[PDB]
């Protein structure tokens, strides 16, 4: 498998998931300003949406959307319990967290990274995010993983996006459960290995 990525982007969650799934894969860095690969190929020819992540399977199937990529990977290794079985309530609680992270956190940060965002709107966006981080911090009060006792793909995604909170200098004072969670993730070897490989 090939993972199309950019260091520290949302693709890090798919990258961590690949490692946690025990997969053989290679990383393919994308220049997202020119939308180009190192071999000169137009990235729009690979992913018409021009984003990372994308996962190219050996059969030539290209999967996009981080949440879809992480489910595909987790389903392939059910014994690792990265996602609970179909028709178990635990599964849909993980998918609930995945969708919240995708829609509320990841896309919540997006305007701060785009060139078409007016400067006057950024404080508004940052205020939205401050509120969402209070909710996440409360969800992490038992200080295990986001879904409770088991590490899941939701933890990989939440970690990736919360890193951005530090990148844009949100005020994280009083969010001690988030702090604990970030430390606990950085202690996982597969996480450390993904960060190292991305130069983070």
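Positions refer to the first chain, counted from 1.
Chemist: Given the B-factors recorded for C-alpha atoms, which segment has the greater mean, 179 to 187 or 13 to 21?
Modeler: Of 179 to 187 and 13 to 21, the stretch with the higher C-alpha B-factor average is 179 to 187.
Chemist: What stretch has the higher average Cα B-factor here, 140 to 148 or 63 to 71?
Modeler: For C-alpha atoms only, the mean B-factor is higher in 140 to 148.
Chemist: Sorting 104, 119, 130, 96 by Cα temperature factor from the record, which one lands on top?
Modeler: By C-alpha B-factor in the record, 119 ranks first.
Chemist: Tell me, please, which of 34, 169, 163, 49 has the highest C-alpha B factor according to the deposited entry?
Modeler: Of the options given, 169 has the highest CA B-factor in the PDB entry.
Chemist: Please place residue 174 in the lowest, middle or highest third of its chain by C-alpha B factor as given in the entry.
Modeler: Highest third, going by the recorded CA B-factors of the chain.
Chemist: Would you mind ranking residue 54 by its C-alpha B-factor against the rest of the chain and naming the third, lowest, middle or highest?
Modeler: Ranked within chain, residue 54 CA B lands in the lowest tercile.
Chemist: Within this chain's modelled residues, let me know which third the CA B factor of residue 78 belongs to: lowest, middle or highest.
Modeler: For residue 78, whose C-alpha B-factor we compare with every modelled residue in the chain, the answer is the highest third.
Chemist: Place residue 108 in the lowest, middle or highest third of its chain's C-alpha B-factors, as listed in the PDB entry.
Modeler: Ranked within chain, residue 108 CA B lands in the lowest tercile.
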